[PDB]
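Chains as they are written, first to last, in the entry's author numbering: chain A, 1 to 9, 11 to 35, 40 to 64, 67 to 72, 74 to 110, 125 to 139, 141 to 153, 156 to 238; chain E, 200 to 218, 224 to 328; chain G, 1 to 32, 39 to 58, 66 to 72, 74 to 80, 83 to 114, 114A, 115 to 220, 223 to 231.
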Amino acid sequence: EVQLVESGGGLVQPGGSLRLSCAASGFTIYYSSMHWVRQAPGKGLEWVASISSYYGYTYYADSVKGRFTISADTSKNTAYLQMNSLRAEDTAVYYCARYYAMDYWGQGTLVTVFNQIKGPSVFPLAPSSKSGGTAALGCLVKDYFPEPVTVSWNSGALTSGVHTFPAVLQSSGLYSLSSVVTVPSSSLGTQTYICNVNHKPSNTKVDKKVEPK
Amino acid sequence: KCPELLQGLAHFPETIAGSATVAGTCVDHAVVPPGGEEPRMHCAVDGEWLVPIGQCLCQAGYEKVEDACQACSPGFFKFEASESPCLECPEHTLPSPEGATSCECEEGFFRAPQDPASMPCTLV
Amino acid sequence: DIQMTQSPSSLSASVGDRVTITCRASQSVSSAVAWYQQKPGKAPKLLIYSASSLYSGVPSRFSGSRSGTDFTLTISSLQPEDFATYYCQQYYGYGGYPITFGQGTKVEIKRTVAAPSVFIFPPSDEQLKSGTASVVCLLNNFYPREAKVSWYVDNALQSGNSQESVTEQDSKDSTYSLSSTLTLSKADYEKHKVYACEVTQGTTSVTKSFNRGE
Ligand SMILES: [Cl-]
Ligand SMILES: [Cl-]
């Protein structure tokens, strides 16, 4: 079974540098071309770099030329992508794939380029008394950076009817999102609702109780 | 007896020893390389196959999978009858069909009359 | 850089239908075109190579065709597992030219019309102390995705001060949910009384609203 296992992705500051690995089992790196394809959040696939130990060529996309270096070590059947002079647009999930029509892919690794680390503020989207027997409430997660934030409700006990939204970059340059859930209006003065918003990049977890107002 | 064994891209029939060197027949789309020793193997009275000398190889346009020879997938070539897998079409070439021995060069490109078929094409 | 123009960018279809995604290349690219499917959170899977050849294991309902520069991927009878996003990629010259991708086609499930439940949430008093007012408008479990949400403050159409976010089709009822956040200053928020969210979708406009004191 041909397998590609990647590693090395994570948080990095602009101008710093990072190295991604791609360990291959089930075939020989020397006999194959290997490619790096990245996907920014919410976008499509973009080619990054290519390498053929056999013909001996190392090719880069015009957008990364001269900041990344591709390499491979046929002994350890491992291909490397070194990323230097890292920028905001370099934030993406980075995949390694085998052959030009890429028949096997790695799982990906997430590269986050952050200028600032700011943990979120959480505000209650308090529920209403004015849809008859369904009321909607939630958490407004404001002004964090970088991504992501994960939102759960009542420590994972509420999942039915929960909608956590994609984050949006605001004008200020910080991220922002809302989590909402629908509940029977009747079980409002009896059932307590806590949202659990968790922001690993600042090692901050906020647990806020959303109450009727 | 000695089991019917497929080994080294060659089929060796079930055989009984004698108080026992047998030759192997090359499998479909595998052949004996020009200056090479033909597949032969020795049978023993205990029912064991011994000391394999020689091998067959998948001819051009075919590659070894499991213990058969299978056509090169479109996009790949194999021009010699070697121990290699199928090779991806090189730079500045056009996607080959099945069982390919070489990849056609791209409109406007060529490989010099001396160059082999495992080589990239160059700008005319 | 051979551009790969994928069309459409989105389509909604029922299970069993014939889906046809198209990709026109900017130059002759021979057959050096491939097709991939990506399900969310997962890596792409090769579908078709040399523009017309099935990869091993892909169901027979998938097929690819070429005419000159226009490559088309076809699904004969869409099965439930085929709801995903699709990419065309060209690899002409096997490295002599940049490998470029299509932009993607997301294939979603068709459903019956459903109007949204609309809720409007005022700013929290805790946020207001900080000086910013966030007014959130929620549209819950509706179809299709397209809807015009407008913000009105004292019957004044707001523009430039809102942002939207939208989910992906719910796994159970194939519906979308949408948020719209109006961001105002504490001064601005406290200088008006009636804040309203207008959801228009076809010939109908629901408007939920609130009065800063009530
Ligand atoms: Cl938001
Ligand atoms: Cl109207």
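Backbone N, C-alpha and C define an ideal beta-carbon position, used for all residues, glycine too.
According to DSSP, is residue i part of a helix, a strand, or is it coil?
| i | result |
| --- | --- |
| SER306(E) | coil |
| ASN155(G) | strand |
| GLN142(G) | helix |
| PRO226(A) | helix |
| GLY130(A) | coil |
| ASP168(A) | strand |
| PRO147(A) | strand |
| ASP232(A) | strand |
| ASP250(E) | coil |
| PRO137(G) | coil |
| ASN170(G) | coil |
| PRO173(A) | coil |
| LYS121(G) | strand |
| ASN92(A) | coil |
| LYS51(G) | strand |
| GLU179(G) | strand |
| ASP125(A) | coil |
| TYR204(G) | helix |
Taking only the alpha-carbon atoms, compute the straight-line gap between residue i and residue j and give it to the nearest angstrom.
| i | j | result |
| --- | --- | --- |
| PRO324(E) | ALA248(E) | 50 Å |
| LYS144(G) | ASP81(A) | 58 Å |
| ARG315(E) | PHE281(E) | 16 Å |
| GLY17(A) | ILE139(A) | 15 Å |
| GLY109(G) | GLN142(G) | 58 Å |
| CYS293(E) | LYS48(A) | 30 Å |
| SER79(A) | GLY228(E) | 43 Å |
| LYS163(G) | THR215(G) | 5 Å |
| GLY70(G) | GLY303(E) | 20 Å |
| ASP271(E) | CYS262(E) | 10 Å |
| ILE257(E) | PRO202(E) | 18 Å |
| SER77(G) | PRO50(G) | 17 Å |
| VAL236(E) | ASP250(E) | 29 Å |
| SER70(A) | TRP127(A) | 22 Å |
| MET91(A) | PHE136(A) | 15 Å |
| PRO15(A) | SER227(A) | 17 Å |
| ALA202(G) | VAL208(A) | 33 Å |
| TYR108(A) | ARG126(G) | 38 Å |
| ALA57(G) | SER31(G) | 5 Å |
| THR229(A) | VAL174(A) | 10 Å |
| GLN259(E) | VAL101(A) | 46 Å |
| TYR107(G) | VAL39(G) | 6 Å |
| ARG43(A) | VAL2(A) | 21 Å |
| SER210(A) | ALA160(A) | 5 Å |
| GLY181(A) | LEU194(A) | 27 Å |
| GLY84(G) | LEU4(A) | 35 Å |
| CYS104(G) | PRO289(E) | 27 Å |
| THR214(E) | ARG244(E) | 13 Å |
| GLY11(A) | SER22(A) | 12 Å |
Indicate whether at least one CB of chain E lies closer than 8 Å to the CB of residue i.
| i | result |
| --- | --- |
| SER34(A) | yes |
| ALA68(A) | no |
| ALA32(G) | yes |
| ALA109(A) | yes |
| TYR55(G) | yes |
| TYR60(A) | yes |
| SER66(G) | yes |
| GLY111(G) | yes |
Under 8 Å, Cβ to Cβ, is there at least one residue of chain A near residue i?
| i | result |
| --- | --- |
| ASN170(G) | no |
| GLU203(E) | no |
| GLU292(E) | yes |
| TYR167(G) | no |
| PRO324(E) | yes |
| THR22(G) | no |
| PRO243(E) | no |
Using 8 Å as the limit for Cβ to Cβ distance, is residue i near chain G?
| i | result |
| --- | --- |
| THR297(E) | yes |
| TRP52(A) | yes |
| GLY279(E) | yes |
| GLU310(E) | yes |
Could you check how far apart the C-beta atoms of residue i and residue j are, in whole angstroms? I think they sit under 8 Å.
| i | j | result |
| --- | --- | --- |
| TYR102(G) | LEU94(G) | Not really, about 12 Å apart at Cβ, beyond 8 Å. |
| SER12(G) | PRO159(G) | 7 Å |
| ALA129(G) | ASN156(G) | 7 Å |
| residue 155(A) | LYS167(A) | Since the model of chain A includes 153 and then 156 but nothing between them, residue 155(A) has no atomic positions to report. |
| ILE54(G) | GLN27(G) | About 20 Å separates the two Cβ atoms, so there is no contact after all. |
| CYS152(G) | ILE124(G) | 25 Å between Cβ atoms; not a contact. |
| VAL231(E) | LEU208(E) | 5 Å |
| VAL181(G) | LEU193(G) | 5 Å |
Using only Cβ atoms and a threshold of 6 Å, which residues come within that distance of a heavy atom of ligand 2? Order them by chain position. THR218(G) and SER220(G)
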